[PDB]
Structures are given as structure tokens and as C-alpha cells.
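To start, the structure itself, in C-alpha cells.
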Amino acid sequence: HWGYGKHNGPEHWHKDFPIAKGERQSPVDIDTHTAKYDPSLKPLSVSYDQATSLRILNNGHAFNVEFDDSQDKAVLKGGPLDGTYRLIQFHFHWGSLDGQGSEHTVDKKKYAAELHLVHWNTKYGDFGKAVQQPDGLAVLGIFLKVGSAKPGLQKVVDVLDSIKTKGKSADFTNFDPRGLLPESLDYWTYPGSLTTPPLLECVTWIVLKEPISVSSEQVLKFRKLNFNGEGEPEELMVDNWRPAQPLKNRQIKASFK
Ligand SMILES: Oc1cccc(O)c1
Ligand SMILES: Oc1cccc(O)c1
Ligand SMILES: Oc1cccc(O)c1
Ligand SMILES: Oc1cccc(O)c1
Ligand SMILES: [Zn+2]
């Protein structure tokens with residue numbers, strides 16, 4: 001099935017998912033000099049105080065921390081968004097090496113990893129109806145660089161050895177995603193897509209300018225996970241990032257002067 005290898009990676013996905021070559025695919029390179037400040041952007045609001053995490057899952061292409069989204073609890077609003085978007089899961093993409101791993105790039109610079117906090121537009125009732133809409137989803141993307149440890153990531157790192165292989169899950173209650181944010185909420189935003197199959201064009205992307213720092217040791221624990229299931233040949237879960245796609249007829253907007 002699809003993956004990140006030579007034989008089933010990003011350059012192959014268009015054969016099962018023709019929208020891979022569509023008009024608003026993600027990720028993209030963010031050219032910081034051509035992005036334009038947009039005074040029409042409203043203040044961004046990340047409201048994660050009542051977030052209810054449930055579980056952490058290795059799905060064979062990343063690990064997802066999943067949330068109870070059956071009520072307004074952890075939401076994103078403001079900035080480019082109309083209405084309220086509810087947090088359902090987050091996950092990361094990372095490299096085999098510190099020099100690559102992110103999906104978005106900034107003036108062609110690749111970060112060591114990228115966090116995606118996925119939210120759906122509550123006008124559409126649930127996530128599955130939201131992914132049928134061009135404004136169904138909003139993803140907060142956050143770059144990771146290797147330097148000082150991020151304390152609010154350590155509870156994630158310490159449970160990874162319990163979900164080493166595809167299809168494994170563990171309880172992951174009482175996790176506070178506010179510990180994964182940087183200080184500043186300055187961001188770039190543009191319309192795009194899922195970066196994994198089915199690559200649907202539903203997404204308002206909001207990519208924070210300030211990266212978080214994680215330690216070498218934290219990111220090395222991500223690279224011990226496996227793409228395969230238990231009892232199949234071991235393939236390390238590394239380089240699970242899609243490269244930058246053509247910008248096409250889009251402009252990237254900046255929240256900051
Ligand atoms: O916006 C630009 C224009 C020319 C070279 C480049 O790296 C970026
Ligand atoms: O693990 C999950 C839970 C919810 C939505 C999704 O895309 C993945
Ligand atoms: O965390 C989740 C995962 C799947 C569906 C859902 O509504 C929430
Ligand atoms: O599950 C998702 C949802 C939206 C964008 C993305 O890259 C992944
Ligand atoms: Zn992602």
C-alpha cells in the first residue's frame with residue numbers, strides 16, 4: 001500500500017490518488033520574502049485548556065495522539081478561520097537525520113521534524129463530513145529543531161516503546177498539548193491538502209514561524225518506531241515526510257509585519 005519507500009513513496013501516490021497532482025497540494029515551500037502580511041487576518045486563538053486526550057496509535061505511517069472531540073473542548077479559531085475547528089489528533093513527521101524531516105520548508109530549509117495538530121470545522125458535524133468540504137479542516141503546523149529538550153514532549157517519547165509496530169495503541173489520557181507550542185503564535189497561512197493519502201484538498205494550513213526545540217535523544221526515540229506490524233520484517237519509521245509541492249495559484253499570507 002502507500003508509504004515512504006522507493007517503491008511506494010510520494011512519487012507513486014498519484015497513481016491511486018490523482019489529486020496528488022492537484023491545484024492545492026501540501027506541503028509547500030514558504031518563501032519568507034514573497035509571503036505578504038495580511039491585515040485582514042483576525043487574532044489566532046488556540047484554546048486547549050479543556051483538551052481530553054485518549055490514546056496514542058502507531059498507524060504504520062506515523063503515531064497519532066487522539067482526542068475526544070464529541071464536545072467543544074480544544075479548539076482553534078481566529079486568524080484565517082471562519083468559525084470553530086475542533087482538535088481530533090496530532091502527529092509528527094521526522095527524518096532519519098537531523099538535517100531533514102519536515103514537510104513544509106522555509107526558504108528551502110528542512111527542519112528535523114514537524115508537528116501537525118489536526119482540527120475539523122464544527123459546521124460539518126464530524127471529521128468524516130468535514131473531509132468532504134473545501135474548508136473542512138485546519139492544521140496547526142509547528143517545526144521542530146534539535147537543541148534543548150522539550151519537556152512537554154517527554155510523556156509522548158516515553159510511551160513510544162509500547163507502540164513500536166503498526167496497529168499497536170496505548171492509553172494516553174491527561175496529556176496537555178499546550179506543552180508542545182512555542183511562545184509566539186506568528187504564522188503563515190495558505191489553502192492546501194492532507195499530506196498523506198487520500199491527499200484531499202480540505203485544509204487551511206497555519207504554520208507557526210517559531211520552531212520548538214527538542215533534544216537529540218527525544219527525536220532518536222521517534223526513529224526507533226517501526227512502519228511494519230509485529231512479526232513482519234522491521235523497517236524503521238523514519239523519513240515519513242512528503243516533499244514540497246508546487247505552489248500553483250496560491251499566495252502565502254503572513255500574520256506578522
Ligand atoms: O523569492 C525568490 C526569488 C529568487 C530566488 C529565491 O531564492 C527566492
Ligand atoms: O488517528 C486519527 C483519528 C482521527 C482522524 C485521523 O485522521 C486519524
Ligand atoms: O480521537 C478520535 C478518533 C476517531 C474519531 C473521533 O471522533 C475521535
Ligand atoms: O489527517 C490530516 C488532516 C489534514 C491534513 C493532514 O496533513 C493530515
Ligand atoms: Zn501530517
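Quick note on naming: the chains in the C-alpha cells go A, B, ... in the order shown, residues restart at 1 in each chain, and ligands are numbered from 1 in order of appearance.
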Within 9 Å of ligand 5, counting only C-alpha atoms and all ligand atoms: which residues, as a PyMOL selection string?
chain A and resi 62+90-93+103+114-118+139+141+194-196+241-242
Preceding selection exported with N, CA and C atoms as an mmCIF file, in the first residue's frame:
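Result written to part-v3.cif:
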```cif
data_model
loop_
_atom_site.group_PDB
_atom_site.id
_atom_site.type_symbol
_atom_site.label_atom_id
_atom_site.label_comp_id
_atom_site.auth_asym_id
_atom_site.auth_seq_id
_atom_site.Cartn_x
_atom_site.Cartn_y
_atom_site.Cartn_z
ATOM 1 N N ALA A 62 2.735 7.054 10.939
ATOM 2 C CA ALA A 62 3.200 7.930 11.974
ATOM 3 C C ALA A 62 2.558 7.396 13.262
ATOM 4 N N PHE A 90 -3.138 14.734 16.929
ATOM 5 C CA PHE A 90 -1.876 15.260 16.378
ATOM 6 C C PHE A 90 -0.946 14.139 16.094
ATOM 7 N N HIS A 91 0.059 14.462 15.236
ATOM 8 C CA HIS A 91 1.092 13.526 14.850
ATOM 9 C C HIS A 91 2.300 14.339 14.352
ATOM 10 N N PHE A 92 3.386 13.633 14.080
ATOM 11 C CA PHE A 92 4.618 14.233 13.574
ATOM 12 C C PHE A 92 5.074 13.524 12.299
ATOM 13 N N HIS A 93 5.929 14.283 11.593
ATOM 14 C CA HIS A 93 6.788 13.734 10.545
ATOM 15 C C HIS A 93 8.233 14.034 10.880
ATOM 16 N N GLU A 103 7.950 18.641 6.533
ATOM 17 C CA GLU A 103 7.170 18.610 5.253
ATOM 18 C C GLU A 103 7.167 20.040 4.646
ATOM 19 N N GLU A 114 8.243 17.904 12.075
ATOM 20 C CA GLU A 114 7.082 18.864 12.010
ATOM 21 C C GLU A 114 5.905 18.187 12.699
ATOM 22 N N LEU A 115 5.278 18.957 13.584
ATOM 23 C CA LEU A 115 4.067 18.554 14.272
ATOM 24 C C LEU A 115 2.845 19.122 13.536
ATOM 25 N N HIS A 116 1.824 18.280 13.421
ATOM 26 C CA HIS A 116 0.547 18.641 12.845
ATOM 27 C C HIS A 116 -0.572 18.395 13.867
ATOM 28 N N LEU A 117 -1.216 19.501 14.273
ATOM 29 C CA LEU A 117 -2.421 19.386 15.108
ATOM 30 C C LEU A 117 -3.643 19.562 14.224
ATOM 31 N N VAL A 118 -4.407 18.450 14.080
ATOM 32 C CA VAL A 118 -5.488 18.406 13.072
ATOM 33 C C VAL A 118 -6.786 18.737 13.698
ATOM 34 N N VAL A 139 -5.093 22.749 10.025
ATOM 35 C CA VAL A 139 -3.936 22.124 10.664
ATOM 36 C C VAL A 139 -2.978 23.202 11.150
ATOM 37 N N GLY A 141 0.613 23.742 12.101
ATOM 38 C CA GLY A 141 1.893 23.063 11.898
ATOM 39 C C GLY A 141 2.989 23.735 12.630
ATOM 40 N N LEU A 194 -4.434 17.474 2.805
ATOM 41 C CA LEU A 194 -3.688 16.414 3.549
ATOM 42 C C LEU A 194 -2.373 16.175 2.922
ATOM 43 N N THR A 195 -1.381 15.843 3.729
ATOM 44 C CA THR A 195 -0.070 15.493 3.120
ATOM 45 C C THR A 195 0.131 13.995 3.046
ATOM 46 N N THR A 196 -0.887 13.200 3.404
ATOM 47 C CA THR A 196 -0.866 11.732 3.184
ATOM 48 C C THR A 196 -2.108 11.411 2.409
ATOM 49 N N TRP A 241 7.969 11.890 5.569
ATOM 50 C CA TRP A 241 7.570 13.228 5.138
ATOM 51 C C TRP A 241 7.418 13.250 3.633
ATOM 52 N N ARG A 242 6.347 13.944 3.223
ATOM 53 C CA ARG A 242 6.135 14.287 1.792
ATOM 54 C C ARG A 242 6.902 15.570 1.478
#
```
Within 6 Å of range 144-161 of chain A, counting only C-alpha atoms, which residues show up once you throw out same-chain ones fewer than 2 positions away? Write them as a ChimeraX atom specification, please.
/A:111-114,163-164,179-180,211-216
For ligand 1, return the neighbouring residues as a PyMOL selection string (distance at most 9 Å; only C-alpha atoms and all ligand atoms).
chain A and resi 31-34+107-108
Give me the residues within 9 Å of residue 186 in chain A as a PyMOL selection string, counting only C-alpha atoms and dropping any in the same chain fewer than 6 places off.
chain A and resi 44+207-210+254-256
Please give me, as number ranges by chain, the residues lying within 6 Å of ligand 2 when counting only C-alpha atoms and all ligand atoms.
A: 64, 66, 88-89
Across A:257, A:123, A:14, A:61, the smallest distance to ligand 4, with only C-alpha atoms and all ligand atoms counted, is shown by A:61
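The closest residue to residue 200 in chain A, picked from A:136, A:86, A:126, A:51 and counting only C-alpha atoms, is A:136.
Going from CA of residue 167 in chain A to CA of residue 60 in chain A covers 7.1 Å.
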Among range 31-222 of chain A, which residues does DSSP mark as strand (DSSP E or B) when it is run on the backbone? Keep the chain and numbering as in the structure and answer as a PyMOL selection string.
chain A and resi 36-37+42-47+53-58+63-67+75-79+85-94+105-106+109+113-121+137-146+169-171+187-192+203-208+212-214
Prev. selection, C-alpha atoms, output as a PDB file, in the first residue's frame:
```pdb
ATOM      1  CA  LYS A  36       2.633  39.004   2.302  1.00  0.00           C
ATOM      2  CA  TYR A  37       1.469  40.417   5.593  1.00  0.00           C
ATOM      3  CA  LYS A  42      -8.023  38.238  12.889  1.00  0.00           C
ATOM      4  CA  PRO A  43      -6.160  37.285  16.023  1.00  0.00           C
ATOM      5  CA  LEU A  44      -5.401  33.456  16.239  1.00  0.00           C
ATOM      6  CA  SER A  45      -6.924  31.670  19.208  1.00  0.00           C
ATOM      7  CA  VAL A  46      -5.561  28.283  20.327  1.00  0.00           C
ATOM      8  CA  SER A  47      -7.811  27.159  23.191  1.00  0.00           C
ATOM      9  CA  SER A  53      -6.534  13.105  25.078  1.00  0.00           C
ATOM     10  CA  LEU A  54      -7.482   9.441  24.876  1.00  0.00           C
ATOM     11  CA  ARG A  55      -4.936   7.173  23.136  1.00  0.00           C
ATOM     12  CA  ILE A  56      -1.774   7.011  21.113  1.00  0.00           C
ATOM     13  CA  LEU A  57      -1.753   4.814  17.990  1.00  0.00           C
ATOM     14  CA  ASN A  58       1.027   3.608  15.589  1.00  0.00           C
ATOM     15  CA  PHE A  63       1.853   7.842  15.537  1.00  0.00           C
ATOM     16  CA  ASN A  64      -1.335   9.759  16.354  1.00  0.00           C
ATOM     17  CA  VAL A  65      -2.363  11.098  19.749  1.00  0.00           C
ATOM     18  CA  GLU A  66      -6.170  11.141  19.551  1.00  0.00           C
ATOM     19  CA  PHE A  67      -8.631  13.331  21.410  1.00  0.00           C
ATOM     20  CA  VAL A  75     -10.425  24.406  19.576  1.00  0.00           C
ATOM     21  CA  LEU A  76      -8.739  26.619  17.078  1.00  0.00           C
ATOM     22  CA  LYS A  77     -10.341  29.817  15.849  1.00  0.00           C
ATOM     23  CA  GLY A  78      -9.478  33.276  14.530  1.00  0.00           C
ATOM     24  CA  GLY A  79      -6.638  34.020  12.119  1.00  0.00           C
ATOM     25  CA  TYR A  85     -12.362  23.983  14.495  1.00  0.00           C
ATOM     26  CA  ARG A  86     -12.108  21.106  16.952  1.00  0.00           C
ATOM     27  CA  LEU A  87      -8.876  19.224  17.694  1.00  0.00           C
ATOM     28  CA  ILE A  88      -9.107  15.489  16.842  1.00  0.00           C
ATOM     29  CA  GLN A  89      -5.482  14.255  16.653  1.00  0.00           C
ATOM     30  CA  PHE A  90      -1.876  15.260  16.378  1.00  0.00           C
ATOM     31  CA  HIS A  91       1.092  13.526  14.850  1.00  0.00           C
ATOM     32  CA  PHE A  92       4.618  14.233  13.574  1.00  0.00           C
ATOM     33  CA  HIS A  93       6.788  13.734  10.545  1.00  0.00           C
ATOM     34  CA  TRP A  94      10.553  13.290  11.006  1.00  0.00           C
ATOM     35  CA  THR A 105      10.204  24.149   4.317  1.00  0.00           C
ATOM     36  CA  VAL A 106      11.170  27.802   4.945  1.00  0.00           C
ATOM     37  CA  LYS A 109      15.292  24.923   4.817  1.00  0.00           C
ATOM     38  CA  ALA A 113      10.549  17.285  12.237  1.00  0.00           C
ATOM     39  CA  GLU A 114       7.082  18.864  12.010  1.00  0.00           C
ATOM     40  CA  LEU A 115       4.067  18.554  14.272  1.00  0.00           C
ATOM     41  CA  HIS A 116       0.547  18.641  12.845  1.00  0.00           C
ATOM     42  CA  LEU A 117      -2.421  19.386  15.108  1.00  0.00           C
ATOM     43  CA  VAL A 118      -5.488  18.406  13.072  1.00  0.00           C
ATOM     44  CA  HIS A 119      -8.813  20.083  13.564  1.00  0.00           C
ATOM     45  CA  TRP A 120     -12.207  19.904  11.837  1.00  0.00           C
ATOM     46  CA  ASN A 121     -14.812  22.654  11.137  1.00  0.00           C
ATOM     47  CA  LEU A 137     -10.026  21.098   8.196  1.00  0.00           C
ATOM     48  CA  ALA A 138      -7.427  23.348   9.807  1.00  0.00           C
ATOM     49  CA  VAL A 139      -3.936  22.124  10.664  1.00  0.00           C
ATOM     50  CA  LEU A 140      -1.603  23.945  13.036  1.00  0.00           C
ATOM     51  CA  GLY A 141       1.893  23.063  11.898  1.00  0.00           C
ATOM     52  CA  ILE A 142       4.877  23.505  14.133  1.00  0.00           C
ATOM     53  CA  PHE A 143       8.546  22.931  13.191  1.00  0.00           C
ATOM     54  CA  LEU A 144      10.973  21.021  15.421  1.00  0.00           C
ATOM     55  CA  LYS A 145      14.683  21.714  15.627  1.00  0.00           C
ATOM     56  CA  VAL A 146      17.214  19.708  17.604  1.00  0.00           C
ATOM     57  CA  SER A 169      -2.137   1.529  20.682  1.00  0.00           C
ATOM     58  CA  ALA A 170      -1.803   2.614  24.313  1.00  0.00           C
ATOM     59  CA  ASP A 171      -3.805   4.699  26.696  1.00  0.00           C
ATOM     60  CA  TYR A 187       2.302  32.209  11.398  1.00  0.00           C
ATOM     61  CA  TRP A 188       1.946  31.782   7.657  1.00  0.00           C
ATOM     62  CA  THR A 189      -1.301  30.520   6.186  1.00  0.00           C
ATOM     63  CA  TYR A 190      -2.422  29.186   2.841  1.00  0.00           C
ATOM     64  CA  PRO A 191      -5.040  26.698   1.472  1.00  0.00           C
ATOM     65  CA  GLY A 192      -3.872  23.186   0.915  1.00  0.00           C
ATOM     66  CA  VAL A 203      -7.151  22.242   4.663  1.00  0.00           C
ATOM     67  CA  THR A 204      -6.456  25.728   5.887  1.00  0.00           C
ATOM     68  CA  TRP A 205      -2.797  25.437   6.908  1.00  0.00           C
ATOM     69  CA  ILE A 206      -1.495  27.606   9.692  1.00  0.00           C
ATOM     70  CA  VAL A 207       2.288  27.125  10.024  1.00  0.00           C
ATOM     71  CA  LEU A 208       3.932  28.789  13.046  1.00  0.00           C
ATOM     72  CA  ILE A 212      10.132  24.310  19.124  1.00  0.00           C
ATOM     73  CA  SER A 213      13.410  22.799  20.280  1.00  0.00           C
ATOM     74  CA  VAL A 214      13.527  19.059  21.135  1.00  0.00           C
TER      75      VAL A 214
END
```
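In this comparison, which uses only C-alpha atoms and all ligand atoms, the residue of A:4, A:172, A:127, A:222 approaching ligand 4 most closely is A:127.
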Non-local contacts of residue 235 in chain A (9 Å; only C-alpha atoms; under 6 positions in same chain excluded) as a PyMOL selection string:
chain A and resi 225-228
Residues from last step as file, C-alpha atoms, as a PDB file, in the first residue's frame:
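To be explicit, this is the file written out as selection-v1.pdb:
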```
ATOM      1  CA  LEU A 225       9.452   3.133  15.822  1.00  0.00           C
ATOM      2  CA  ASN A 226       8.534   0.720  13.004  1.00  0.00           C
ATOM      3  CA  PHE A 227       6.460   1.094   9.910  1.00  0.00           C
ATOM      4  CA  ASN A 228       5.676  -2.617   9.882  1.00  0.00           C
TER       5      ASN A 228
END
```
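The spacing separating CA of residue 20 in chain A from CA of residue 201 in chain A amounts to 9.7 Å.
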